[PDB]
Structures are given as C-alpha cells and as structure tokens.
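Listed next as structure tokens: two forms of one protein chain, kept apart as structure 1 and structure 2.
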Structure 1
C-alpha cells in the first residue's frame, strides 16, 4: 500500500473516460475527500459505478454538478434533481442495475469471475432490455439497454450478468493500519468493501490510520493486498441525508402486517407499512431485521444522541441496531438475500398479479428485484387494495413494470388477505369484517379462490 498525504496526489492519474467505482450507500460510507479531489483534478467523462448518486450537492452529485460523469451504473438514483435533469436532457448516460446484481458483478470483477447467473431481474426490464440508458437532446432514445441472456438451471430462470471491473475505485473506510489493512464502520461498509477488490487501482480514504497490530488479523475487513493507495481523509462532514429520530385504512394494513412476524424470523422490511408494522412486534417475540445495505439486527430509530451517519437503513434513514447485530458488505448482503436466507420479505407494491408478479419500483429498482428473487423467502406485499378511481391493483397481469415474476406469496390490503400461488393464483384467506366476498370481487381484477377457512381479517393486539 502506498500512503499519500494529499488526496489529489492519490487520484491525479485517473484518465478521462476511466471507469471509477465509488463506494457508499446513500451518503453512508462515501469517499467524500476523494470525490473532493476529483473536483480539483477535473477528470471527466467518467463511468461512475456507484450504487446511488449521492444527493444534489454531495457525494456523486458533486461530480454530476461539475459534469465530470459521462455514465453512471447504479441501482437507485432518486433524491438528486441535477441527475434527473442531465438524464432527461441527454447529458448523462444511466444504466440501472439491481443493487444486489451490482454488488455481485463488482465482486465477480475482483474475484476472477467473468459472469454468473442470478434470478434477480428475471421477467423484468433487466432481462428484457429497452430502457433508455441515454437520450438525445430531442427527447428520443440514443442508447437502450441490452436484454440479458437468461438460462434455466434446476427448473428456474436466471439472468447472466457480467463482472464489473474499474480502472479505479474510490473507497471510503474507517481505519487503515500502517500496512494498509482496512476496516469499515457499521453500515458504511456496503459497496466500499467489494469495490476495493474490483479495480486496477484502489484508493482508500480513511478516518484514521492506526499502528500495525491494531487489528486482530481475523478482523481486517479488507487485507492490504487490495489497498493500493491510502490517504487519511482531510475532512469528514458526516452528512446525514435523512434524520429520523425515535389513517385507518393504512393502520389496518399495518396491524395485519404485524401479524406476519414470527419468533426467530429473519425479515427484511421495506419502508412504509412493513417497517411500521415492526413497531408492533411483541417484546416477547424475537425478530431479526435485515437491511440490504449490510445490516442484520436493525433496531428502532435513534434517540438524538444515538444518531450516526454510519448507521442508516435501506430507506437511508438513521437507525440503530439491537444487541447481537452484525454488519457486512453489500455483496455479502445480497448473497444473504439472493440465497434466500431471509425468511420474510415484506414490501409495498403498486400492483400484484394473479400469480404473484410484482410491480413496485418504476429512480431505479434499488434492492427490490433482489429481495423478491428467491423462492425460499416468503414475499408479503402490503398495499391499499385499489388505486385512485378504484382501479384494480390486484389483477390478471400487472400493467406496471415488473419487479419480479411470480414472486409474491401473500397480499395484505385493508380489505383482504390473499395467499398467492404461482400455479393456482389467489386464495382469499382473510376478509375485513363488514366486507363481503363480492365486495372483494368488485375491487379485484382477477378471479380468486375463497379459502374454506376464511376468517375475519386479523389485527395485532398492540
């Protein structure tokens, strides 16, 4: 590892056009000083591989403001108006790739794996191609995404994704010892860890340099072999994107969603109703919440003194963890998710089809496509029954872009609870008292079986 006292020195040789991997999930674990250094070098036309686009004036957004990025390869680019403007104007190219796929393609890039298969994105536009990566000033499409090759293994369909390697990686880390060994703090690890292994030259900025021997050998997150250039970041603003401190239809969904929790369950909860539902878990029940940016054991929002820029949830809110929590990188998080280790994945949806196709993302798909990619994880959708104008949200076929095909196992609305089966379709198993099966018929766009043991819709006791 080569140590630098000046960040510009550490990155001055990045060529125009370089593919640069930039760590960070939201504003968590971003290499703010290395990004500050690129503003000074003025290198341009970069293809930035960055999970997110920071915010308008921070993180990757600073490089978008200065127009130093030709293309971004990211999974979620919301919360950044300059980004949106450039994209629509045809000034910026954008390849949206599922978050877990982005993590794994980066990991493959550092592991000598040119390509691998993942179900994430199967049946969606990731597979189908056709998304505008780049527009012409006239508003037409200049570059459309390529469809992905898909192959069946063990009766399931998987898309072939290729490794992502960078010319450079700009990595934010916590500490580096004098040998160049590096560790990451809390959830700031995310993509920084795998990105450190996937570029020809990795540049890491750390908050502190410690003596060789400060780390237990077993606990070095990134061995020095991956750290080519190391600089102690000069300034850390610790920006927090969203400071989060500790109707009846919605309340009803929350209260029935709260009943999906089981003792010992591992769950991943999308923001909104699913997350609110966790507030009703019995202190008697032990439920472990997984966060896809690399956390297992999420706790409630922090009391003001617990607020930590390094600890946010997938919705980018400041959060806390419970005793016995663990942190891990983004590739490891999605290995955990894709491998079906989470028992329950509960999320909101705009539409769900008869056989469980889900439309809930189209800013980018973030980790939603990965979260529903495994048949081993029970996917529970919580959403209001019908859309504005009473248009069906549950129907034969989604009309909105799919997040996944035949991946929903249960739908919870304020009116009903449907179990969903990829081959047989819907089964009404709970019914809000006061409504009748025919009321459901009228608000649902496809047929459904009625369970012989249909009960009034339950509501958690709390």
Structure 2
C-alpha cells in the first residue's frame, strides 16, 4: 500500500473514460474526499459503478452535477433529481443492475471469475434486455440493455452475468493500519469491501490511520494486498440523508403482515408496510431482520443520541441494531439473500400475477429508479415472499391480475399476497387461493377487485390482525 497525504495525488492519474467503482450505499460509506478530488481533477466521461447516485449534491451526485459521469452502473438511483434530469434527458447512461448482481459481479471481477449464473433478474428486463440505458429527449429509448443468456441448472433458470472490474475503485473505509489493512464501520462497509478487490488500482480513504497490530489479524476486513493507495480523508461530513428517530386500511395490511413473523425467523422487510409490521412483533418472539446493505439484526430507529450516519437501513433511514447483530459486505449480503438464507422477504408491490409474478420496480416513463435488491430478494425459491399492498389501484384498477403489465421484479416468486381485503396464498402452478377474507367483504367482493380467478380455501377464515 502506498500512502498519500493528498487525495488529489491519489487520483490524478484516472483517465477520462475510466470505469471507476465508487463505494457507498446511499450516503453511507461514500468516499467523500476521493469524490471531491475527482471534482478537482476534472476527469470526464467516467463509467461509475456505484450502487446508488448519492443525492443531488453529494456522493456520486457531485460528479453528476459536474457532468463527469458518462454512465452509471447502479441498482437504485432515487433521491437525486439531477440524476433523473440527466437520465431522462439522454445526457446520462444508466445500467440499472440488481443490487446483488452488482455486488456479485464486482466480487467476480476481483476473484478471477469472468461470469457466473444467478436467478436474480431471470424473467425480467435484466434477462430480457430492453432496460433503458439511454433515453432520447422525447422519452424513447436510445440504448437498451442487452439480454443476458439463460441456462437451466437443477430445474431452475439462471442468467449469466459477467464480472465487473474497474480501472480504479474509490473506497471509503473506517481505519487503515500502517501496513494498509483496512476495516469498515457498521453498515458503511456495503460495496466498499468488494470494490476494493475489483479494480486495477484501489484507492481507499479512511477516517483514521492506526498502528500496525491495531487489528486482530482475523478481523482485518480488507487485507492490505487489496489496498493499493491509501489516504486519510481530510474531512467527513457523513451527511445523514434520512433522519429517523424514535421517541424517548394500511393499518389493516400492517397488522395482518405482522402475523407473518415467526420466532427465530430471519426476515428482510421492504420499506413501508413490511417494516412498519415489524413494530408489532411479539416481545416474546425473536425475529432477525436482515438489511441488504449488509446488516443482520436491525433494531428500532435510534433515540436521538444513538443516531449514527454509518448505520442505516436499506431505506436509507438511520437505524440501530439489536444485540448479536453483525455487519457484512454487499456481496455477502446478497450471497445470504440469493442463497435463500433469509426465511421471509416481505415487500410492497405495484402488481402481482396469478402465479406469483411480481412487479415492483418500474413504471415505464414514470418511475425509473432501479430495482435495488428487489430482484435478488425474490430470487430464491427457499425464501417465502410475501407481498403487502393495497388490493386495488386508483380507479379500482386491478393490481392482482392474470399477468402483470408493469416490468417484472421476478417471475413466479410471490408466495402470499396480503391486502386490506384478502390474503391469498400463491402457487406458481395452481395460482391464487383466497385464505383470509376481511370481515364485511364477500368472496364476490374480492372477485370484483381481482383481475384473475382464485380458488377459495375450504378453510377460509376472517382476516387476522396482530393483537399488539
């Protein structure tokens, strides 16, 4: 490891057009100083592999404002209006990439694996091609993503994804010892860790440089072999994007969703209703929440004094962890998710099809912020996928239908749908089975609000509500 006292010296040789991996999940674990140094070098036309787009004037957003980015390879790019502006205007290319796939392709790029198979994205625009990479002024697609090959292994379809390697990686870490070994703090690890292994030149900025021997050898997150350039960050804002702090019909969906929890369960809860449901978990029930940004053991929102920019949930809100929690990298988080280790994935949806296809990441020409980890979260047949959503849309437009009309997040991946009117079990071959019916409504009422048929359980019961 070569140590630098000036961030600009560490990045002055990045060529225009370089592919640069940039660490961070939201504004958590972003290489603020290295990004600031790129602003000064003015290097242009970068292909930035960055999970997110920071926010308008922060993180990658700074490089978007300066128009230094030609293309982004990212999983979720919401909360950055300049990003959206450039994207929709055709000034910026964006490959929306499933978060787990992004993490695993980056890992592959550091691990000598040129390609690998994953079921994430199978049956979606990622596999099929046609995801917009570049738009035309008029909202038409100028460059569309290319299809990924599909191959069946063990009776299931997977798509072939290729390694991502960068010319440089700009990585944020917590401490480096004097030998260049590096550790990451809490959830700020995320993509920084695998990105440190996947670029010709890795540049790491750290908050503190400590003596060699400061780390237990077993607990060096990133061995020095991967750290080519190291700079101590001149300053850190650690901007908190979303401050969530606890004190000291939708409710119907939430209270029924809360009954999906079981003791000892590992769950990943999407923003909104699913997460709100966790609030009703029995104190006598232990549920471990997994956060795809690399945390196992999410706790409640922080009391004001527990707020920590390095600890946020997947919805980018400041959070806390419970005793016995663990942090891990993004590639590990998605290995955990794709490998079906999480027992329950509960998320909102725009549409669900009769056999369980899910649409919850894109509305053509309206909502184009990426799928985040959604495609990975529903990719495992081992993980129960529960969709929680209002039964119908605007004009009582159907949301549960024969076939989704919006881009799919996954095919035949939903196992249960909970709405304010019904709970349906979903079978990928037999379809829907109404198993709970809100009191007051009739099976015929559900028929009227559902765009496909469904079997009625012979043991159909009144819809349950958590008692807490």
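Only residues modelled in both forms are compared. Just so we're on the same page, rigid core means the largest C-alpha set that superposes within 1.5 Å between forms. Residue numbers count along the first chain shown, from 1.
Of the candidates 323, 213, 139, 264, the Cα that moves 2 angstroms or more after core superposition between the two structures belongs to 139 alone.
If you overlay the core, the Cα of residue 336 moves by 0.1 Å between the two structures.
For residue 85, the CA shift between the two structures after superposing the rigid core equals 1.1 Å. Look at the core-aligned forms between the two structures and you find a single run of 3 or more residues with C-alpha shifts of 2 angstroms or more, at 135 to 142.
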